[PDB]
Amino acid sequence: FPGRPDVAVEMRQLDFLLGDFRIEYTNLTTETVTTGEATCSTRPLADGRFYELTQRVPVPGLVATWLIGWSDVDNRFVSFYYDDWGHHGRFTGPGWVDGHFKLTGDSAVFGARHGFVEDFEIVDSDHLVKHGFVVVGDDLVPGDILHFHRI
């Protein structure tokens, strides 16, 4: 068998997520715009070859995990989502492109499969924003916005 390859340099594109963040989550698809506070922690797994983002959303009652890593063979990030409600999803993205880090894929949530786009941007080293969109028909409907402030 060959030697163990080095961590892909592309993994440095995810370092902006490392650490603990307080989340101001604004849910836009409810018929009253919810808004609330959550937390999340991102740690490297598998000797830094994959990152695990755990998002604990208190009052819905939901712990959601994202695993993300670079795939040499695919030339893109790949990501697996799952939570303690039974939901799962598959995402991919190219990396940072024009100031956004977009993951595109689909998830089985609440009894049906939906397309989702997670759009990450850095505001400053300690403040991230994420726009979530859900494919409805042909367009992308604003699903949520999350502000991450590092603890």
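The first residue of the sequence shown is number 1, and the count goes up from there.
Inset, instruction - May I ask you to compare 55-63 and 41-49 by their mean CA B factor in the entry and name the higher one? - result: It is 55-63.
Inset, instruction - Using the B-factors recorded in the PDB entry, average over the C-alpha atoms of 30-38 and of 111-119, then report which stretch comes out higher. - result: On average, C-alpha B-factors are higher across 30-38.
Legend entry - Third of the chain, ranked by Cα B-factor, where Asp138 sits: For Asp138, the deposited C-alpha B-factor lands in the highest third.
Inset, instruction - State the tercile, meaning the lowest, middle or highest third, of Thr92 with respect to the CA B-factors recorded for its chain. - result: CA B-factor rank for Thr92: lowest third.
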